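[1] fold the following, please.
(4 chains, ligands or ions: 2)
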Amino acid sequence: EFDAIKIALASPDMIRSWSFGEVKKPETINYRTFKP
Amino acid sequence: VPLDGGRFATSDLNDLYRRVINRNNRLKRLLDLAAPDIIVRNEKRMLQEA
Amino acid sequence: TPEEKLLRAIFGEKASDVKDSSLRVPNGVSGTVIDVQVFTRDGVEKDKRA
Amino acid sequence: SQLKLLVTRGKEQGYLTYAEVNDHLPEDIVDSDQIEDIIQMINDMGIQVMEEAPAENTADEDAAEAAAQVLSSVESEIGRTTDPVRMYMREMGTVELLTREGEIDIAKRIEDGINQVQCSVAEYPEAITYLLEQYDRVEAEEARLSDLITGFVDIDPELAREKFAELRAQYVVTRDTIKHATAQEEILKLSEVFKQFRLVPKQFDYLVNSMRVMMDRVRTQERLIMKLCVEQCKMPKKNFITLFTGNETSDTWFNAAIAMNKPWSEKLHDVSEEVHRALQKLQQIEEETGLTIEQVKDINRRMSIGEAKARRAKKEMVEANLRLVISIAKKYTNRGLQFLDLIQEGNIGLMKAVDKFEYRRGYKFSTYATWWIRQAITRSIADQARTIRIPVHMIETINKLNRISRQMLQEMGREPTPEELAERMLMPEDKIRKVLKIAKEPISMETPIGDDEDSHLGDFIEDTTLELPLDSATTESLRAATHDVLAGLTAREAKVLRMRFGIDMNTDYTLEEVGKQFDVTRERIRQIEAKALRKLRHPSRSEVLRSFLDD
Ligand SMILES: CCC[C@@H](C)[C@H]1CC[C@H]2[C@@H]3[C@H](O)C[C@@H]4C[C@H](O)CC[C@]4(C)[C@H]3C[C@H](O)[C@]12C
Ligand SMILES: CCC[C@@H](C)[C@H]1CC[C@H]2[C@@H]3[C@H](O)C[C@@H]4C[C@H](O)CC[C@]4(C)[C@H]3C[C@H](O)[C@]12C
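    Numbering: from 1, shown residues only, chains lettered A, B, ... in the order given. Ligands and ions are numbered 1, 2, ... in the order given. Coordinates below:
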């Protein structure tokens, strides 16, 4: 499958490419319905 | 993860992420209030620390 | 699943809807029960054995 | 020097003692953290603190040289501080406090600035039409009478309606009397009579923002023209000042400036279309403004000056009030939020105070603030102090119970009971148990639980959403057995069963589509399915499928 592991600094464009969305609230879960 | 008895166990990274997000949101809100530059400088220092 | 539905159909067996989270002797141990004690909350009914 | 002497031994022995380091340490007073900073700086080349007197070298020279250079800088340093709170105290310890008369001057500066802003927005009375339309819609019962406007500068709805009627009369008698020598006086009178009214901050701000949007559209058009006539054509600014300024409405300054026998005039032929469109938009907007743009420009300049004066005014008020918040904040140091966080949250409540403070009532600020500050600290400690956010109401209730409980314990020499707590409070007892369950803060998953292998608590928490491997083998065994018992059947019935239930496919087709393909009307396909089922039901064709029936 893979034959090497390359390492380098990450550009902001790359960091946005990894992500599936932006976290905007410090919330974790609801305190009664323990749902996200 | 939920534990027995209603207790919850959490990783320390959640605390650090919550710190970062709180200070970032506060900074964004404070930029829109045109606060005195002392406040925004201190907020930026806090964000850097977090 | 698609084959666990057909199996339940042919044999007409319905879902239990409850688990079997019962206490059992640890494997490899063999003794006699010499004592049992039950503690119940205030609002509970204190079943016959209690 | 002193640091170099300390290094001398470090290397000579390969190790040093806390005392010798602290002593050779430059007298340079260090605020603990600084001493902490240098210790690692020395550790960079590698050294053993060892509170007591005494295991190999693995330090790159590059690290070594850099640590040496920074170590030299430490001696030359004066007041290096790597601590935000300390830096804050210093940058704050640079503004003097204000005396009692020191807020009256600031307050009157603020009032004068806001009055100038109000008049400047008042001068542009086109909004009066928008205000009248809003009042008409409100009188159409679209909203409350008292919501649109917070009264007038006078106390009864009838007086407000009379004033609105007079305003409408003046508006109609002034708008339809432009034909110019006296129209300006009519407009001034209309503005003056409108000054006696008071508008809600939201509607006033919306009007200001709409005016700003219009002005920014006009400025965008002007700058587009400037970039299309200067950058592309190198048009001298003198020509623009001479022609564009003075009229600012007609096309003479641009369209009739093409015949100036200059290279820029000829080059304007290429960009005449876009600049002409900009001029058309301006002509319309200039008509919409109905006022000399230069006058408007001066209106905006005065408004900006007033706003800047007001902003710098409160700035100083809030600098002395930053001098404060530090006190109230220290009262919640261990409440689950960090000190600099508490202080910054208080600074926002302080800003909220300064903007809503009236000195006329002669309240000591240091009192129209010590509240706004505490409200903002507590609101925060409640909205962002726990990993699982709790409503402010639930937090109030929990604090009340924790108190009522302390008193009951002191007067009972015994922790109260969920029943006695319910009695002493006014709660249905079950509610008390629900509030007495709201789990406290999540436990740290790295909490040391060791003394054998240095293992943490999170290591012993298992995964409960995993399929056991004898259930993955069992599943594949049924997915096969089913193929056998089913294949041991004729084609059409086997496909009927396959479609009905979903074996090897991607949908549990209902009877309608199965009939479409097999041509029929449900009841027959229902017939084919039932025979198959009763068939696979008899023994001699359902022993292993029976085994898969947990029993
Ligand atoms: C001293 C060694 C550390 C470890 C053995 C101690 C230190 C803190 C203890 C936990 C905490 O109290 C929080 C919970 C309290 C509940 O009642 C029982 C579970 C719970 C996780 C405790 C189990 C255990 O006792 C812990 C992990
Ligand atoms: C020597 C240290 C003792 C350590 C082995 C004991 C002390 C407390 C025990 C944990 C707590 O009960 C909390 C959880 C309860 C779950 O049901 C099972 C996991 C869980 C972590 C427990 C596993 C283990 O039993 C623990 C860690």
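[2] other SSEs contacting the longest helix belonging to chain D?
    Longest helix in chain D, counting residues (DSSP state H): helix D:293-323. Helix D:293-323 sits against helix B:37-49, helix D:84-92, helix D:102-123, helix D:201-229, helix D:339-356, with contacts defined as 3 or more CB pairs under 8 Å, 6 or more residues apart in numbering or on different chains; DSSP states H and E. For every residue, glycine as well, the C-beta is placed using N, CA and C.
[3] mind listing what's buried in it?
    D:293, D:296, D:299-300, D:303, D:306-307, D:309-310, D:313-322 (16 or more other CB atoms under 10 Å in any protein chain shown).
[4] do the same with stretch D:228-240
    Quick answer for stretch D:228-240 (16+ other CB under 10 Å): D:228-229, D:233, D:235, D:239-240.
[5] what is the nearest of those residues to residue D:369?
    Closest to residue D:369 out of the buried residues of stretch D:228-240 is residue D:240 (51.1 Å), distances taken as CB to CB.
[6] interface residues of the stretch 351-500 of chain D facing chain B?
    D:351, D:384, D:387-388, D:437, D:439, D:442-446, D:457-458, D:461 (CB under 8 Å from any CB of the partner chain).
[7] please convert the residues you listed to a markdown table, extending it with distance to ligand 1.
    Output for these, formatted as a markdown table (distance: CB to the nearest ligand atom, whole Å):
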| residue | distance to ligand 1 |
| --- | --- |
| D:351 | 41 |
| D:384 | 24 |
| D:387 | 15 |
| D:388 | 16 |
| D:437 | 14 |
| D:439 | 10 |
| D:442 | 10 |
| D:443 | 5 |
| D:444 | 9 |
| D:445 | 10 |
| D:446 | 11 |
| D:457 | 5 |
| D:458 | 11 |
| D:461 | 10 |
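[8] look at residue 1 and say how many residues are nearby.
    Reading this off chain A. Counted with other CB atoms under 10 Å in any protein chain shown, residues neighbouring residue A:1 total 2.
[9] not quite, go with chain C.
    Other residues near residue C:1 come to 12 when the count uses other CB under 10 Å.
[10] if I look at it, how far off is ligand 1?
    Distance, residue C:1 to ligand 1, by CB to the nearest ligand atom, to the nearest Å: 37 Å.
[11] so what's that residue up against?
    residue D:475 (CB atoms under 8 Å, 6 or more residues apart in numbering or on different chains).
[12] buried deepest among the helices and strands packed on helix D:293-323, which one?
    Comparing those by mean neighbour count (mean count of other CB atoms under 10 Å in any protein chain shown), helix D:339-356 comes out on top with a mean of 21.
[13] let's see the helix or strand just after that one as PDB, backbone CA atoms only.
    Counting by DSSP states H and E, the next helix or strand C-terminal to helix D:339-356 is helix D:365-368. What follows is helix D:365-368, C-alpha atoms only, in PDB (Å, rounded to 0.1, in the frame of the first residue of the first chain):
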ATOM      1  CA  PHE D 365     -20.600  55.000  39.500                       C
ATOM      2  CA  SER D 366     -18.500  53.000  41.700                       C
ATOM      3  CA  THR D 367     -22.100  51.800  42.500                       C
ATOM      4  CA  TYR D 368     -23.800  51.900  39.100                       C
END
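[14] who's in contact with helix D:365-368?
    Contact with helix D:365-368 is made by D:103, D:317, D:321, D:324, D:353, D:357, as judged by CB under 8 Å, 6+ apart.
[15] and the angle for the next helix or strand after that helix with helix D:293-323?
    Going down the chain from helix D:365-368, the next helix or strand is helix D:370-383, by DSSP H and E. Orientation check (axes from the mean of the first three to the mean of the last three CA atoms, to 10 degrees): helix D:370-383 against helix D:293-323 gives 80 degrees.
[16] which helices and strands does the next helix or strand along the chain from helix D:370-383 pack with?
    Downstream of helix D:370-383, the first helix or strand assigned by DSSP H and E is helix D:392-410. Where contact means 3+ CB pairs under 8 Å, 6+ apart, helix D:392-410 is packed against helix D:370-383, helix D:418-424, helix D:430-435.
[17] what's in contact with the second one?
    Residues external to helix D:418-424 that are found in contact with it (CB under 8 Å, 6+ apart): C:42, D:401, D:404-405, D:408, D:412, D:416, D:427-429, D:431-433, D:436.
[18] make a ChimeraX selection of the buried ones in these.
    The ChimeraX command for the buried members of the contacts of helix D:418-424 (criterion: 16+ other CB under 10 Å) is given here:
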select /D:401,405,408,416,427,432,433
